[PDB]
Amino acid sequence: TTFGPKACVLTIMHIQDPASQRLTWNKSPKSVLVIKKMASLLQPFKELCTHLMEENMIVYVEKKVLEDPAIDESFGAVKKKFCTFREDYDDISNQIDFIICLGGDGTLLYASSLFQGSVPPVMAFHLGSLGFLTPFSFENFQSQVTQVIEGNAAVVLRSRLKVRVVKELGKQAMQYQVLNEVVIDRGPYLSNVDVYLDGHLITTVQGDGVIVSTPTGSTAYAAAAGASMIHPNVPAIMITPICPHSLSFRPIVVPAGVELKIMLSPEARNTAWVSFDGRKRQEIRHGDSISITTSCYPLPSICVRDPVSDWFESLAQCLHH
């Protein structure tokens, strides 16, 4: 904090080291929500659920998972002991102690959509490929699940973005938590979307649109639009234009504490559309604003080895293929 022989820097933040973080259970978990990728995961699902119940724990699954014809007379005993919820009708946000994901892709996106406030710890398993969000192998799953419950497992606090859509009626405000990104794209050539950073007009996006992503979302849609692969321990917000009219408009990475305000330019002839992790697509009209900030509710991803090692392994596998 000393700069040369006479100067120094004089507000102080208290953050735990992202590389040293571990999970703690104030009380032993009892309710577990199981999420599986929407056929190879049928036997692992059946095996996991039987184990969790034999370990005296209430298992939650979406109603549609048990409706699948593949889900068996032998599994009937377990099938009857499940706690089911309906995705579009039921709120299980405050009922779940722990989350287990079977398979990759949108399992963690789906977990994030169910938990729009505090997110319970997430243990993600891979069956097919390693991916970036599923570090655990299903081999010796019983001992690993036990070590996560009984021990102090390492975690990556995968940041999320808080997205507030204010629409003129009074006014109506809608809040969304995105794990990967928030896309603002043109309606059916040139969008006219104004991007403000901490109150400063940064630019008017003219092109297909803009992706505002988290380091977790750096391997998602933004990757395809020219963004960098960002380790989930890097505190930042990424702004990636989609097919910009100005080729000089390169992807941008800003500090996690900035506030983004996105709205249609007053001169905008056409409307724009906003999407939250590819879901809940809705129109942005004149007078409507989208405010993006880093959420105070990150997704706690449990680790196999540690935050750095797990991502490096996923990167090494990514660059081997």
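The numbering used is simple: start at 1 and walk along the sequence shown.
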Per the record, the count of deposited residues between residue 38 and residue 39 that have no coordinates is 1 to 3
Residue 169 to residue 170: deposited residues not modelled, binned count -> 10 or more
Averaging the C-alpha temperature factors as deposited, the higher value of 72 to 80 versus 170 to 178 falls on 72 to 80
For 209 to 217 versus 101 to 109, entry-based mean Cα B-factors point to 101 to 109
From 259, 288, 283, 55, the top C-alpha temperature factor is at 55
Assert third(CA B-factor, residue 27) within chain per record equals middle
Quick tally, chain-level thirds of C-alpha B-factors: residue 191 sits in the middle
Tertile call for residue 146 (CA temperature factor, within chain, third-based) is the middle
Chain-relative C-alpha B factor for residue 183 (record values, thirds): the lowest
Of the three thirds of the chain ranked by Cα temperature factor, residue 50 occupies the highest
